[PDB]
Amino acid sequence: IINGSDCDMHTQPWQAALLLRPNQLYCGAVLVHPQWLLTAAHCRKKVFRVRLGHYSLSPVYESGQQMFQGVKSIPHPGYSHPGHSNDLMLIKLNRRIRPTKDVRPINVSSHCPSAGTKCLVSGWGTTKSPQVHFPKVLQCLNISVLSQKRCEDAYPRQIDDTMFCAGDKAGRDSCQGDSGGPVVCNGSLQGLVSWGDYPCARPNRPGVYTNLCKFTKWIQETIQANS
Ligand SMILES: *[C@@H]1O[C@H](CO)[C@@H](O[C@@H]2O[C@H](CO)[C@@H](O)[C@H](O)[C@H]2NC(C)=O)[C@H](O)[C@H]1NC(C)=O
């Protein structure tokens, strides 16, 4: 997260981290069900761990923290290795989470984001670009959703309906390491960190996020089919 601020503790109990042995923090994720997480399809990994209810980046032990393993990864069928469309995947945990103030799922909005909507994006991604600089704790940033029209101009022929652009303010944007992270608007999960221009935070170059409002049915059906 570039030019963001330290998140307030205990807020965002749905924020998840996808770790790789030993403790390589790759991609973020979001708890959307007692036993299901949501992340970008391009974050698919065969072996990995899931850390929830943890504020800092380092494996520093914390109370309220919970660890799990990915027992099943289901990327949306429409996700194409080259294109950024349908950039979402479902991850099932080995067990149901223990509901606490630090670990709590969030609902997926059925209504798509309209221009001007203010959203909150978070992640342990680099706070600088192109120079790498990881934060100490979860970073938070407010971003406003742009009109699909403007989204299309900034990224011609590559912007799609399964995605949306967010972030007008200068120097503020998501970056590498935040992928799969949550974009919350109106108290619900509206998107996921997907992609953007490089280096991050370039003026008139908003970040692109998966438009979750288009997959509510698939998400519910997939969860029910694997319950
Ligand atoms: C993101 O924007 C929201 C909306 O302005 C901020 O929420 C406010 O948070 C303060 C706490 O400092 C509350 O007193 C206000 O009531 C909140 N605003 C309202 C009316 O919802 C939030 O602080 C911002 N966070 C970041 C990271 O910028």
Side-chain angles (χ1 to χ4, degrees), residues 1-5 7-8 11-16 28-33 36-42 76 78-79 83-90 104-123 125 138-175 178-197 200-223:
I1 303 299
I2 302 188
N3 200 175
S5 59
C7 293
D8 295 321
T11 65
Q12 294 114 193
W14 42 75
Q15 173 81 229
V30 202
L31 190 71
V32 298
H33 172 285
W36 288 85
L37 293 173
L38 209 47
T39 191
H42 72 266
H76 188 286
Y79 183 66
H84 303 138
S85 293
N86 306 116
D87 190 18
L88 76 156
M89 167 174 67
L90 275 173
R104 201 211 74 175
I106 193 176
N107 287 173
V108 188
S109 44
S110 179
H111 299 293
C112 301
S114 59
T117 296
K118 190 180 191 178
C119 305
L120 204 266
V121 60
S122 53
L138 188 68
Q139 294 297 292
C140 272
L141 172 69
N142 274 313
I143 49 178
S144 296
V145 177
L146 297 83
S147 56
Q148 198 67 177
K149 172 59 184 179
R150 295 179 57 195
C151 191
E152 290 163 349
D153 297 320
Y155 300 103
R157 280 298 178 67
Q158 48 193 305
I159 176 278
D160 190 46
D161 179 45
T162 67
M163 37 177 109
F164 70 81
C165 295
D168 260 312
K169 206 156 294 298
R172 300 173 183 293
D173 176 39
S174 44
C175 207
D178 293 308
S179 282
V183 173
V184 184
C185 329
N186 306 144
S188 64
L189 192 65
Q190 194 85 58
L192 305 177
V193 169
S194 188
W195 59 285
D197 224 329
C200 309
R202 280 171 50 179
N204 302 173
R205 314 301 296 174
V208 183
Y209 307 86
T210 312
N211 206 26
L212 300 176
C213 63
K214 306 289 181 191
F215 306 103
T216 54
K217 270 163 294 175
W218 175 74
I219 294 164
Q220 288 165 173
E221 292 165 346
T222 304
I223 279 173

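One is the number of the first residue; the rest follow in order along the sequence. Only this structure's heavy atoms are used, side chains among them; waters, hydrogens and symmetry mates stay out.
Scanning all heavy atoms of the two residues, the minimum distance from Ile2 to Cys175 falls at CD1-SG, 3.8 Å. Among all heavy-atom pairs drawn from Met163 and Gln148, the shortest one is O-OE1, 3.3 Å. Considering all non-hydrogen atoms of both residues, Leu146 and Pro206 come closest at CD1-CB, 3.8 Å. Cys119 and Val145 make their closest contact through SG-CG2, 3.7 Å (heavy atoms, listed as atom of the first residue, atom of the second, distance). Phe164 and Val183 make their closest contact through CZ-CG1, 4.1 Å (heavy atoms, listed as atom of the first residue, atom of the second, distance). Nearest heavy atoms, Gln15 versus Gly123: NE2-N, 4.4 Å.
Ring geometry for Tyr155 versus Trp195: interplanar angle over 60°, hence perpendicular rather than tilted (30 to 60°).
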Given side-chain contact (heavy atoms from CB on, under 4.5 Å), test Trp14 with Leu189 step by step and report yes or no.
CA-CA 10 Å; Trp14 42 75; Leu189 192 65; 5.7 Å; no

Given side-chain contact (heavy atoms from CB on, under 4.5 Å), test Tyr209 with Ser174 step by step and report yes or no.
CA-CA 10 Å; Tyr209 307 86; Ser174 44; 2.6 Å; yes

Step by step, would you call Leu88 with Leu192 a side-chain contact (heavy atoms from CB on, under 4.5 Å)?
CA-CA 8 Å; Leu88 76 156; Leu192 305 177; 4.2 Å; yes

Please evaluate residues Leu120 and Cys140 with respect to the criterion side-chain contact (heavy atoms from CB on, under 4.5 Å), reporting the C-alpha separation (whole Å), side-chain torsions for both, the decisive distance (0.1 Å), and the verdict.
CA-CA 7 Å; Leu120 204 266; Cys140 272; 3.7 Å; yes

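Atom SG of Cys200 is separated from atom CG of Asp178 by 8.0 Å, given to the nearest 0.5 angstrom. To the nearest 0.5 Å, atoms CG (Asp153) and CD1 (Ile159) are separated by 9.5 Å. Rounded to the nearest 0.5 Å, atoms CD (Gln220) and CG (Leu90) are 11.0 Å apart. Annotation: the span from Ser114 atom OG to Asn186 atom CG amounts to 8.0 Å, rounded to 0.5 Å. Once rounded to the nearest 0.5 Å, the distance linking CG of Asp173 with CZ of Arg202 reads 11.0 Å. Here the CG atom belonging to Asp197 is positioned 11.0 Å from the CG atom belonging to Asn204, to the nearest 0.5 angstrom.
Judged by distance alone, the side chain of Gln190 and the main-chain N or O of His111 form a donor-acceptor pair under 3.5 Å. Looking at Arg205, its side chain does come within 3.5 Å of a backbone N or O of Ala154 through a donor-acceptor pair. Between the side chain of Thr210 and the main chain of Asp87, a donor-acceptor pair closer than 3.5 Å is present. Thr39 places a side-chain N or O within 3.5 Å of a backbone atom of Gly28 that can act as its donor or acceptor partner.
For the residue pair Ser194 and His84, no side-chain donor N or O sits within less than 3.5 Å of a side-chain acceptor on the partner. Judged by distance alone, the side chains of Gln12 and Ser122 never bring a donor and an acceptor atom under 3.5 Å apart.
At a threshold of 4.5 Å between non-hydrogen side-chain atoms, the residues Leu141 and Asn3 do not count as touching. The shortest distance between side-chain heavy atoms of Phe215 and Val108 does not fall below 4.5 Å. Side-chain contact check for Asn211 versus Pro113: some heavy-atom pair is nearer than 4.5 Å. Within the 4.5 Å cutoff, the side chain of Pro105 has no heavy atoms near those of the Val32 side chain.
A 6.0 Å sphere centred on CG of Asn107 holds no more than 12 heavy atoms belonging to other residues, nucleotides or ligands.
The list of side-chain hydrogen bond (donor to acceptor under 3.5 Å, both in side chains) pairs with a residue in residues 159-172, not counting sequence neighbours, reads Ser85-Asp160, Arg150-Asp168, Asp160-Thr162.
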